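One chain follows as structure tokens, the form solved without the DNA.
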């Protein structure tokens, strides 16, 4: 007579089905190659946004094979923060839920000052703020590794890997948010931000992208279930 929490979270489709773990309050797909997530999916409602982040010491999720885990020593002295894809601030409903965002499977190496602690946090705060006035909200977040044109006229994907376990440092991060403003009607916002120092004055809407750019770059199918006729607003328009 009640849904599974994971069916509630994944109502609008799985971005992909690779190495999926269902936690107490979010769903994650893990990439054995990069040692960080392919994507995480979250479902917020006002009531669920109404515990501690302090009783939270990051650790590996050991239900993945040991040879494919990342560890604290990979992030230590690397210059990068442990950046949680499913934000701790989105899960205030029990200590277990929030603790689970501190699994290293939910972490990616992120620029600290100028990004994770700042602009990227502003994006996370923006989604909670909007979710509070919405009925249901669905958020997909993940790392990107994007090509750049180099001086030989060729395109290359280049990214750092850190630690003995070679954890990938994403070039960018995506976040797509689906907001249910009235029953069966949705606003859609898609963003791609660079994993780099972002000038604090830059508005988040500058990082708006077509949803197709996220999908094509990520190799994922986002909100596949959804009917395009149900979207009343995209990236702030219409």
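Numbering follows the first chain given and starts at 1.
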(message) Does the chain run continuously from residue 50 to residue 51, or are deposited residues unmodelled in between? Answer none, 1 to 3, 4 to 9, or 10 or more.
(response) 4 to 9
(request) Averaging the C-alpha B factors as listed in the entry, name the stretch that ends up higher: 91 to 99 or 105 to 113. (result) 91 to 99
(request) Compare the mean C-alpha B-factor of 58 to 66 with that of 204 to 212 as given in the PDB entry, and name the stretch with the higher value. (result) 58 to 66
(message) Between 18, 230, 217, 22, which one tops the list for Cα B-factor in this entry?
(response) 230
(request) Could you check 82, 132, 158, 155 and tell me which one carries the biggest Cα B-factor in the deposited entry? (result) 132
(request) Report the third (lowest, middle or highest) to which the CA temperature factor of residue 186 belongs, ranking only the modelled residues of the same chain. (result) highest
(message) Please say which third, lowest, middle or highest, residue 125 falls into when its CA temperature factor is compared across its chain.
(response) highest
(request) Just say lowest, middle or highest third for the CA B-factor of residue 149 relative to the other modelled residues in its chain. (result) lowest
(request) Check where residue 77 lands among this chain's C-alpha B-factors and tell me if it's the lowest, middle or highest third. (result) highest
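The protein also exists as the form deposited with the DNA bound; that form is not presented, and the subsequent description refers to it.
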(request) Only one of 123, 88, 168, 134 comes within 4.5 Å of the DNA in the deposited complex by heavy atoms, so just point that one out. (result) 88
(message) At 4.5 Å between heavy atoms, only one of the stretches 51 to 59, 179 to 187, 206 to 214, 192 to 200 reaches the DNA in the deposited complex; which one is it?
(response) 51 to 59
(request) Give a yes or no on whether every one of 84, 116 and 128 sits within 4.5 angstroms of the DNA in the deposited complex by heavy atom. (result) yes
(message) Whether residue 158 contacts the DNA in the deposited complex should be assessed with a 4.5 Å heavy atom distance threshold; does it?
(response) no
(message) Contact with the DNA in the deposited complex for residue 76, defined as at least one heavy atom pair within 4.5 Å: yes or no?
(response) yes
(request) Give, in sequence order, every residue of 192 to 212 that has a heavy atom within 4.5 Å of the DNA in the deposited complex, or say none if there are no such residues. (result) none
